[PDB]
Amino acid sequence: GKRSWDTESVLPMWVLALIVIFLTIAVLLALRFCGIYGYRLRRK
């Protein structure tokens, strides 16, 4: 692809991909920091 895609795609994949990792890390971190807390157990 030589044409200045600029718009890597009207839906830039890297932007889409970055979003997933941000959330990926967020959920993993969420679980651990909450891990020590034992998070919850709402049911209780």
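Reading the values: rules and limits
Residues numbered from 1 in each chain as written, not as in the entry; some residues may be left out. Heavy atoms only, no water. UniProt positions renumbered as here; feature names shortened; annotations may be inferred. Helix = DSSP H or I, 4+ residues; strand = E, 2+ residues; numbered from the N terminus. Buried < 20%, exposed > 50% of the residue type's maximum accessible area, 1.4 Å probe, protein only. Polar contact = N/O pair within 3.5 Å; in protein donor to acceptor, adjacent residues only side chain to side chain.

- As recorded in the entry header, the structure was determined using solution NMR.

### What about the UniProt feature "transmembrane region" in the chain?
Point 1. The feature "transmembrane region", as annotated in UniProt, sits at residues 15-31 in this numbering.
Point 2. Helix makes up 100% of residues 15-31 and strand 0%, whereas the separation of the span's terminal C-alpha atoms amounts to 25 Å.

### Some words on the environment of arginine 3
Point 1. One can find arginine 3 in the segment before α1 (13-37).
Point 2. Using a relative accessible area of 56% as the deciding quantity, one classes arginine 3 as exposed.
Point 3. A polar contact of 2.6 Å, which involves the side chain of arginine 3, links it to the side chain of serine 4.

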